[PDB]
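Peer 1: Sharing a structure below in C-alpha cells format, with a few things to ask.
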Amino acid sequence: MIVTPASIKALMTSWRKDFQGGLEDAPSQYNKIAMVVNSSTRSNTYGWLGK
Amino acid sequence: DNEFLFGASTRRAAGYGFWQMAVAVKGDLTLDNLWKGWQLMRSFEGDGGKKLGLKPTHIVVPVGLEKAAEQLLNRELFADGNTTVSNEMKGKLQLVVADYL
Amino acid sequence: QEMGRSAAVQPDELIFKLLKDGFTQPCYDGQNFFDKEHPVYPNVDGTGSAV
Amino acid sequence: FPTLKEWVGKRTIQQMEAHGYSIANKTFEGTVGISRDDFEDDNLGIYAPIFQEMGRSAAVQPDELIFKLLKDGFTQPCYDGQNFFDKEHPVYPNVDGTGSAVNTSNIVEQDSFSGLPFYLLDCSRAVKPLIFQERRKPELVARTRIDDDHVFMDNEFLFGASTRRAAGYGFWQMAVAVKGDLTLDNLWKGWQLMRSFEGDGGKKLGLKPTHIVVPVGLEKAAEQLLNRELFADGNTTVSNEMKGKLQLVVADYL
Amino acid sequence: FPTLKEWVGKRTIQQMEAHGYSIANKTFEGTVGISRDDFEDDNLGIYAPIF
C-alpha cells in the first residue's frame, strides 16, 4: 500500500456540473395585474376627461 | 486594476392607476371579509353621483395565506359553521399566490 | 446568465412592492393609494364638499 | 447576481459567492461457495439459479442506500455544514453571503411526539433532493475454470459479486421532515414551511412539494388523507382540496 | 522500490511512499508614462526603444 499524503488524496476527485443553475427563481406573474406601456422620453403624462 | 467587470442597467418605472379598482383587506382570509371587500368595491361611485360598474376579478395573497385560500376557493363543499354547504364562490375569483418575486 | 436573470426578475419586484406599500405611496388624486379619505365630489367639475 | 438598485452616482462594485460539496464512493462485496462435486452432481436443477440470485442481490442496493439516507438525515451533514434536517440553516441578507445570518428551520416538530416521521420533497426542478452516484457497474464472477487456483487446490467453486457506489444529499431547501402525526394540519404546515424558503439576498425561490414519502407503518394515514375524496376537517364533511396534488411513495426502505 | 532479495519460499509484500509539494505564483506590475506630444515628435527615434 502506497502511503500518499493528504493533499494528493484530496486532489483525486472528479468535477461534476450537475449543480449549475442553483435554485431557480419564482414564476413571473405580473402581467395578470399590470398594464404594460412603453415610454420614449423623460416621462409619460396621462390625461382623461370627466363625465 | 487587473479586474473584470460585469454590469447591467435598465430604465423602468411602476405607478398606480385608478384607486377605485383595488381594495386592501386588513383582516383574516375568511368568507365574511372577502364578501365585505366585494361589496365595498361594488359600492364605489364617481364624481357627481355617477354609478360605476366595478367588481373584483383577481385576489392576491402572500405565500403565508395559501392554506386559507385553498380551503375557501378550491373546495366544492366546505363548512359554514359546523354544517356542510355548497361553495358559492368557487369560480368567481382568480387566485394569485404571489411570492413578490 | 445570472445577471440576465437578475435583470429579468425586476418587473415583478417592482409591481408587487407597489401593492404591498400602497398605504404610503401617493396616487393621482393626492392621497395614498390605500386610504380611508379619498374625496368624491358632488359635482362633475370636481367642486363641492368632498365625501 | 446582486439585485438592481437605483443609479445615482457611480456604479458600486459588489460580490458574489460559490459553494462546494463532495461525496465519496465506497466498495461492497458478497461471495458464496459450493463444492464442485455437489454443483455438478445435481439433476433436479436446484442449485442452478445462483447467478440469478447474485444479480437480484446486487440490484437492490440503491433503494437501501437512498432510503437509509433520509432516515438518518438529522446527523449527516449537507453542503452548508449543518445537518440535512436541521433547525439552524443560515440564511444571510446579502447575496455574497455576508451579514447577520438568520437561522432557518427545516423540521416541523410536534410537542411530545414518539412516532415515525414523514418527509416532503420537491422532485420537479433540475436537481433532485437526493443523489445516487455509481462508480463501477456491479461485476458478477463465477470461478469455475479447472485450472483456477482455488478450484485446483480445493475442488470448490467460488461465486462472488462486488459493487462500488455511494449516495449523498443535494439542496436542503428541497426537503422537509415532519416529526409529527400525519394529519391535515401537519401536512399544510410542512407545505407552507417549504414554500417560505428564500435564497441569500431576499431572492424569492419558487418551491412546492411534489412527493411525500412515508414508511410502511404510515400507509393507513397516508391513504386516509391523500385518497379520500370527502374527508373530515374538524367534525365536518368537506371536500378534499389536496387530492391529486402530492404523489405517495410507500417505501419499504429496501 | 524495495531492494531485491534472494527468492526462497513465498514472496513478501512490502510497502512504498509518496510525497507532495506545491508552489503558489504571484503577479508583478510596472508602468511609466510619457506625454502624447513628446512621443509623437520623435524625428530621431530616441523614445522608440522602450519595449
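Every chain in the C-alpha cells has a letter given in the order shown (A, B, ...), and although residue numbers restart at 1 in each chain, ligands are simply numbered from 1 in the order shown.
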Could you please select, counting only C-alpha atoms, the residues of chain C within 6 Å of chain B and state them as a compact mmCIF listing (two decimals) with N, CA and C atoms, in the first residue's frame?

Peer 2:
# COMPACT_ATOMS: atom_id res chain seq x y z
N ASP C 12 -41.31 42.10 -11.62
CA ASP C 12 -42.14 41.58 -10.54
C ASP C 12 -41.81 42.21 -9.19
N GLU C 13 -40.53 42.35 -8.87
CA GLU C 13 -40.12 43.03 -7.66
C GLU C 13 -40.60 44.47 -7.61
N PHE C 16 -45.07 44.11 -7.40
CA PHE C 16 -45.61 43.57 -6.16
C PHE C 16 -45.16 44.37 -4.95
N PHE C 33 -52.63 55.42 -2.11
CA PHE C 33 -53.44 54.52 -2.91
C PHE C 33 -54.48 53.80 -2.05
N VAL C 40 -64.78 62.28 -2.98
CA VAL C 40 -65.75 62.06 -4.05
C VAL C 40 -66.65 63.28 -4.08
N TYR C 41 -66.35 64.22 -4.98
CA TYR C 41 -67.05 65.49 -5.00
C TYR C 41 -68.46 65.32 -5.56
N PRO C 42 -69.41 66.15 -5.12
CA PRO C 42 -70.79 66.00 -5.59
C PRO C 42 -71.04 66.59 -6.97
N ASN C 43 -70.08 67.28 -7.56
CA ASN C 43 -70.24 67.91 -8.86
C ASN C 43 -69.23 67.33 -9.84
N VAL C 44 -69.62 67.26 -11.11
CA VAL C 44 -68.76 66.67 -12.13
C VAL C 44 -67.46 67.45 -12.26

Peer 1: Distance table requested - chain C against chain A, cut-off 9 Å, only C-alpha atoms: one row per qualifying residue with the closest atom pair and its distance in Å to one decimal, ordered by chain and rising residue number, as a tab-separated table.

Peer 2:
residue	atom	partner	partner_atom	distance
C:2	CA	A:21	CA	8.5
C:5	CA	A:25	CA	8.5
C:9	CA	A:28	CA	7.6
C:11	CA	A:30	CA	7.5
C:12	CA	A:30	CA	5.7
C:15	CA	A:30	CA	6.9
C:16	CA	A:30	CA	7.7
C:44	CA	A:51	CA	6.5
C:45	CA	A:50	CA	7.5
C:46	CA	A:50	CA	8.9

Peer 1: Which chain D residues are at most 12 Å from chain B (counting only C-alpha atoms), as a CSV table (one decimal) with N, CA and C atoms, in the first residue's frame?

Peer 2:
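Once written, out-v1.csv looks like this:
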chain,number,residue,atom,x,y,z
D,1,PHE,N,-26.9,37.0,-8.8
D,1,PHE,CA,-26.4,38.3,-9.0
D,1,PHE,C,-27.0,39.3,-8.1
D,2,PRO,N,-26.3,40.4,-7.7
D,2,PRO,CA,-26.9,41.4,-6.9
D,2,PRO,C,-28.2,42.0,-7.6
D,3,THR,N,-29.2,42.3,-6.7
D,3,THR,CA,-30.4,43.0,-7.2
D,3,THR,C,-30.1,44.4,-7.8
D,4,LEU,N,-30.8,44.7,-8.8
D,4,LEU,CA,-30.6,46.0,-9.4
D,4,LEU,C,-31.0,47.1,-8.5
D,5,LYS,N,-30.2,48.2,-8.4
D,5,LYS,CA,-30.5,49.3,-7.5
D,5,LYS,C,-30.4,50.6,-8.3
D,6,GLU,N,-31.1,51.6,-7.8
D,6,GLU,CA,-31.2,52.9,-8.5
D,6,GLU,C,-29.8,53.5,-8.6
D,7,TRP,N,-29.5,54.0,-9.8
D,7,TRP,CA,-28.2,54.5,-10.2
D,7,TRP,C,-28.2,56.1,-10.0
D,11,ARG,N,-21.2,53.5,-10.3
D,11,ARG,CA,-21.5,52.1,-10.0
D,11,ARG,C,-20.8,51.6,-8.8
D,12,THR,N,-21.5,50.9,-7.9
D,12,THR,CA,-20.9,50.3,-6.7
D,12,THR,C,-20.6,48.8,-7.0
D,13,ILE,N,-19.3,48.4,-7.0
D,13,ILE,CA,-19.0,47.0,-7.3
D,13,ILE,C,-19.3,46.2,-6.1
D,14,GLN,N,-19.9,45.0,-6.3
D,14,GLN,CA,-20.4,44.1,-5.3
D,14,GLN,C,-19.7,42.8,-5.4
D,15,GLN,N,-20.1,41.8,-4.6
D,15,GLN,CA,-19.5,40.5,-4.6
D,15,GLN,C,-20.6,39.4,-4.7
D,16,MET,N,-20.1,38.2,-5.1
D,16,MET,CA,-20.9,37.0,-5.2
D,16,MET,C,-20.2,35.9,-4.5
D,184,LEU,N,-54.0,16.7,8.5
D,184,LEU,CA,-54.0,17.8,7.6
D,184,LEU,C,-53.2,19.0,8.0
D,185,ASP,N,-53.3,19.3,9.3
D,185,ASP,CA,-52.6,20.5,9.8
D,185,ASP,C,-51.1,20.3,9.7
D,186,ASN,N,-50.5,19.2,10.0
D,186,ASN,CA,-49.1,19.0,9.9
D,186,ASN,C,-48.6,19.0,8.4
D,187,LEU,N,-49.4,18.4,7.6
D,187,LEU,CA,-49.1,18.4,6.1
D,187,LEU,C,-49.1,19.8,5.6
D,188,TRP,N,-50.1,20.7,5.9
D,188,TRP,CA,-50.1,22.0,5.5
D,188,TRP,C,-49.0,22.9,6.1
D,189,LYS,N,-48.6,22.6,7.4
D,189,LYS,CA,-47.5,23.3,8.0
D,189,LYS,C,-46.2,23.0,7.2
D,190,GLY,N,-46.0,21.7,6.9
D,190,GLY,CA,-44.8,21.4,6.1
D,190,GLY,C,-44.8,22.0,4.8
D,191,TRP,N,-46.0,22.0,4.1
D,191,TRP,CA,-46.1,22.7,2.8
D,191,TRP,C,-45.7,24.2,2.9
D,192,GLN,N,-46.3,24.9,3.9
D,192,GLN,CA,-46.0,26.3,4.0
D,192,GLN,C,-44.6,26.6,4.4
D,193,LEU,N,-44.0,25.7,5.2
D,193,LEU,CA,-42.6,25.9,5.6
D,193,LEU,C,-41.7,25.7,4.3
D,194,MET,N,-42.0,24.7,3.5
D,194,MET,CA,-41.2,24.5,2.3
D,194,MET,C,-41.4,25.7,1.3
D,195,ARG,N,-42.6,26.2,1.2
D,195,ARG,CA,-42.9,27.3,0.3
D,195,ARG,C,-42.3,28.6,0.7
D,196,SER,N,-41.9,28.8,2.0
D,196,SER,CA,-41.4,30.0,2.5
D,196,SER,C,-39.8,30.2,2.4
D,197,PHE,N,-39.1,29.2,2.0
D,197,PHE,CA,-37.7,29.3,1.9
D,197,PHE,C,-37.3,30.3,0.8
D,198,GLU,N,-36.2,31.1,1.1
D,198,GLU,CA,-35.7,32.0,0.1
D,198,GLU,C,-34.2,32.0,0.2
D,199,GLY,N,-33.5,32.4,-0.9
D,199,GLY,CA,-32.1,32.4,-1.0
D,199,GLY,C,-31.5,33.6,-0.3
D,202,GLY,N,-32.6,38.0,-0.2
D,202,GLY,CA,-34.0,38.2,-0.5
D,202,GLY,C,-34.5,37.6,-1.8
D,203,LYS,N,-33.7,36.9,-2.5
D,203,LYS,CA,-34.1,36.2,-3.7
D,203,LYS,C,-35.3,35.3,-3.4
D,204,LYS,N,-36.3,35.4,-4.2
D,204,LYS,CA,-37.5,34.6,-4.0
D,204,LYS,C,-37.4,33.3,-4.8
D,205,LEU,N,-37.3,32.1,-4.2
D,205,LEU,CA,-37.3,30.9,-4.8
D,205,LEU,C,-38.8,30.3,-4.9
D,206,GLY,N,-39.1,29.7,-6.0
D,206,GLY,CA,-40.4,29.0,-6.1
D,206,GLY,C,-40.3,27.5,-5.9
D,207,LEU,N,-40.6,27.1,-4.6
D,207,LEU,CA,-40.5,25.7,-4.3
D,207,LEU,C,-41.9,25.2,-3.8
D,208,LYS,N,-42.2,24.0,-4.2
D,208,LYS,CA,-43.5,23.4,-3.9
D,208,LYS,C,-43.4,21.9,-3.9
D,229,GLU,N,-61.9,11.3,-1.1
D,229,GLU,CA,-62.5,12.4,-1.8
D,229,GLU,C,-63.2,13.4,-0.9
D,230,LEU,N,-63.9,12.9,0.0
D,230,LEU,CA,-64.6,13.7,1.1
D,230,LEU,C,-64.1,13.2,2.4
D,231,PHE,N,-63.4,14.0,3.1
D,231,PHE,CA,-62.9,13.6,4.5
D,231,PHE,C,-63.5,14.6,5.5
D,232,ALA,N,-63.0,14.4,6.7
D,232,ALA,CA,-63.5,15.2,7.9
D,232,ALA,C,-62.4,16.2,8.2
D,233,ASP,N,-62.8,17.5,8.4
D,233,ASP,CA,-61.9,18.6,8.8
D,233,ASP,C,-62.6,19.3,9.9
D,234,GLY,N,-62.4,18.8,11.1
D,234,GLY,CA,-63.0,19.4,12.3
D,234,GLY,C,-64.4,19.1,12.5
D,235,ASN,N,-64.7,17.8,12.5
D,235,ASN,CA,-66.1,17.2,12.7
D,235,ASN,C,-67.0,17.8,11.7
D,236,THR,N,-66.6,17.9,10.5
D,236,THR,CA,-67.4,18.3,9.3
D,236,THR,C,-66.9,17.6,8.1
D,237,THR,N,-67.9,17.2,7.2
D,237,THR,CA,-67.5,16.6,5.9
D,237,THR,C,-67.2,17.8,4.9
D,238,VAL,N,-66.0,17.8,4.4
D,238,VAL,CA,-65.6,18.8,3.5
D,238,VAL,C,-64.9,18.1,2.3
D,239,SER,N,-64.8,18.8,1.2
D,239,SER,CA,-64.1,18.2,0.0
D,239,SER,C,-62.6,18.2,0.3
D,240,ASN,N,-62.0,17.2,-0.2
D,240,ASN,CA,-60.5,17.1,-0.2
D,240,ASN,C,-59.9,18.0,-1.2
D,241,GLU,N,-59.2,19.0,-0.7
D,241,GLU,CA,-58.6,20.0,-1.6
D,241,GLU,C,-57.1,19.6,-1.9
D,242,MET,N,-56.6,18.6,-1.3
D,242,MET,CA,-55.2,18.1,-1.5
D,242,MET,C,-55.2,16.7,-2.2
D,243,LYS,N,-56.3,16.4,-2.9
D,243,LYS,CA,-56.4,15.1,-3.5
D,243,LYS,C,-55.8,15.3,-5.0

Peer 1: Taking 3 positions as the minimum chain separation for residues in the same chain, which residues sit within 9 Å of residue 39 (chain C) when counting only C-alpha atoms? Answer as a ChimeraX atom specification.

Peer 2: /B:47 /C:29,31,49-51

Peer 1: Output N, CA and C atoms of each residue in that selection to a file, as a PDB file, in the first residue's frame.

Peer 2:
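Heads up, here's the output in out.pdb:
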ATOM      1  N   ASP B  47     -67.464  60.996  -9.448  1.00  0.00           N
ATOM      2  CA  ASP B  47     -67.824  62.370  -9.131  1.00  0.00           C
ATOM      3  C   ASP B  47     -69.197  62.699  -9.693  1.00  0.00           C
TER       4      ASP B  47
ATOM      5  N   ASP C  29     -54.978  61.213  -7.211  1.00  0.00           N
ATOM      6  CA  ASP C  29     -55.878  62.169  -6.574  1.00  0.00           C
ATOM      7  C   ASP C  29     -55.235  62.895  -5.402  1.00  0.00           C
ATOM      8  N   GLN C  31     -54.019  61.574  -2.316  1.00  0.00           N
ATOM      9  CA  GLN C  31     -53.870  60.743  -1.136  1.00  0.00           C
ATOM     10  C   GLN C  31     -53.073  59.485  -1.465  1.00  0.00           C
ATOM     11  N   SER C  49     -68.388  69.797  -1.574  1.00  0.00           N
ATOM     12  CA  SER C  49     -67.835  69.317  -0.291  1.00  0.00           C
ATOM     13  C   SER C  49     -67.558  67.829  -0.452  1.00  0.00           C
ATOM     14  N   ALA C  50     -66.296  67.427  -0.384  1.00  0.00           N
ATOM     15  CA  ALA C  50     -65.890  66.048  -0.601  1.00  0.00           C
ATOM     16  C   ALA C  50     -66.483  65.132   0.461  1.00  0.00           C
ATOM     17  N   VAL C  51     -66.799  63.911   0.050  1.00  0.00           N
ATOM     18  CA  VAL C  51     -67.258  62.863   0.952  1.00  0.00           C
ATOM     19  C   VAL C  51     -66.183  61.787   0.943  1.00  0.00           C
TER      20      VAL C  51
END

Peer 1: Which residue gives the smallest distance to chain A among B:89, B:34, B:29, B:59, with only C-alpha atoms counted?

Peer 2: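 Closest candidate: B:59.
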
Peer 1: Out of E:10, E:19, E:36, E:26, which residue has the shortest atom-to-atom distance to chain A when counting only C-alpha atoms?

Peer 2: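 Smallest distance to chain A is found for E:19.
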
Peer 1: For chain E, list the residues within 12 Å of chain B, counting only C-alpha atoms, and write the list as a short mmCIF file (atom, residue, chain, number, x, y, z; two decimals) with C-alpha atoms, in the first residue's frame.

Peer 2:
data_model
loop_
_atom_site.label_atom_id
_atom_site.label_comp_id
_atom_site.auth_asym_id
_atom_site.auth_seq_id
_atom_site.Cartn_x
_atom_site.Cartn_y
_atom_site.Cartn_z
CA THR E 27 1.82 38.96 -10.07
CA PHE E 28 4.18 41.87 -10.73
CA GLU E 29 3.36 45.20 -12.37
#

Peer 1: Expressed in Å to a single decimal, how great is the separation between CA of residue 99 (chain D) and CA of residue 23 (chain A)?

Peer 2: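 So the two atoms, CA of residue 99 (chain D) and CA of residue 23 (chain A), lie 20.6 Å apart.
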
Peer 1: How many Å lie between CA of residue 201 (chain D) and CA of residue 94 (chain D), rounded to one decimal?

Peer 2: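 A separation of 4.2 Å between them.
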
Peer 1: C:1, C:26, C:35, C:6: which is nearest chain D, counting only C-alpha atoms?

Peer 2: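 Ranked by minimum distance to chain D, first place goes to C:6.
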
Peer 1: List the spatial neighbours of region 5-15 of chain A as a list in words - criterion: any atom at most 9 Å away, only C-alpha atoms, same-chain residues fewer than 5 positions off excluded.

Peer 2: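 Final neighbour list, sorted by chain and number: residues 22 and 24 of chain D; 17, 18, 19 and 20 of chain E.
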
Peer 1: Store the residues picked out above in a file with N, CA and C atoms, as a PDB file, in the first residue's frame.

Peer 2:
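The new file result-v5.pdb reads:
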ATOM      1  N   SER D  22     -18.954  17.424  -1.618  1.00  0.00           N
ATOM      2  CA  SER D  22     -18.243  16.227  -2.053  1.00  0.00           C
ATOM      3  C   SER D  22     -18.895  14.973  -1.488  1.00  0.00           C
ATOM      4  N   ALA D  24     -18.079  10.717  -1.378  1.00  0.00           N
ATOM      5  CA  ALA D  24     -17.024   9.736  -1.593  1.00  0.00           C
ATOM      6  C   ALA D  24     -17.606   8.344  -1.804  1.00  0.00           C
TER       7      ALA D  24
ATOM      8  N   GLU E  17       5.990   4.715  -0.487  1.00  0.00           N
ATOM      9  CA  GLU E  17       5.539   6.016  -0.015  1.00  0.00           C
ATOM     10  C   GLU E  17       5.507   7.004  -1.171  1.00  0.00           C
ATOM     11  N   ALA E  18       4.780   8.102  -0.964  1.00  0.00           N
ATOM     12  CA  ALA E  18       4.692   9.184  -1.936  1.00  0.00           C
ATOM     13  C   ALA E  18       4.757  10.515  -1.203  1.00  0.00           C
ATOM     14  N   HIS E  19       5.168  11.558  -1.922  1.00  0.00           N
ATOM     15  CA  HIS E  19       5.354  12.882  -1.344  1.00  0.00           C
ATOM     16  C   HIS E  19       4.623  13.924  -2.177  1.00  0.00           C
ATOM     17  N   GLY E  20       4.536  15.134  -1.629  1.00  0.00           N
ATOM     18  CA  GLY E  20       3.854  16.225  -2.300  1.00  0.00           C
ATOM     19  C   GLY E  20       4.480  17.558  -1.951  1.00  0.00           C
TER      20      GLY E  20
END

Peer 1: Could you pull out the alpha helix (DSSP H) residues of chain A from DSSP and send them as a PyMOL selection string?

Peer 2: chain A and resi 6-10

Peer 1: Generate the output file for the selected residues, C-alpha atoms, as an mmCIF file, in the first residue's frame.

Peer 2:
data_model
loop_
_atom_site.group_PDB
_atom_site.id
_atom_site.type_symbol
_atom_site.label_atom_id
_atom_site.label_comp_id
_atom_site.auth_asym_id
_atom_site.auth_seq_id
_atom_site.Cartn_x
_atom_site.Cartn_y
_atom_site.Cartn_z
ATOM 1 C CA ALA A 6 -3.500 14.090 2.394
ATOM 2 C CA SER A 7 -3.326 16.754 -0.329
ATOM 3 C CA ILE A 8 -2.673 14.191 -3.066
ATOM 4 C CA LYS A 9 -5.639 12.129 -1.871
ATOM 5 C CA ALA A 10 -7.775 15.291 -1.809
#

Peer 1: Can you measure CA of residue 178 (chain D) to CA of residue 110 (chain D) for me? One decimal in Å is fine.

Peer 2: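 We find that CA of residue 178 (chain D) and CA of residue 110 (chain D) lie 8.2 Å from each other.
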
Peer 1: Do you know which residues are at most 10 Å from region 152-156 of chain D counting only C-alpha atoms, after dropping those on the same chain fewer than 4 positions away, and could you put them as a list in words?

Peer 2: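 Final neighbour list, sorted by chain and number: residues 33, 34, 35, 36, 37, 38, 39, 143, 144, 145, 146, 147 and 148 of chain D.
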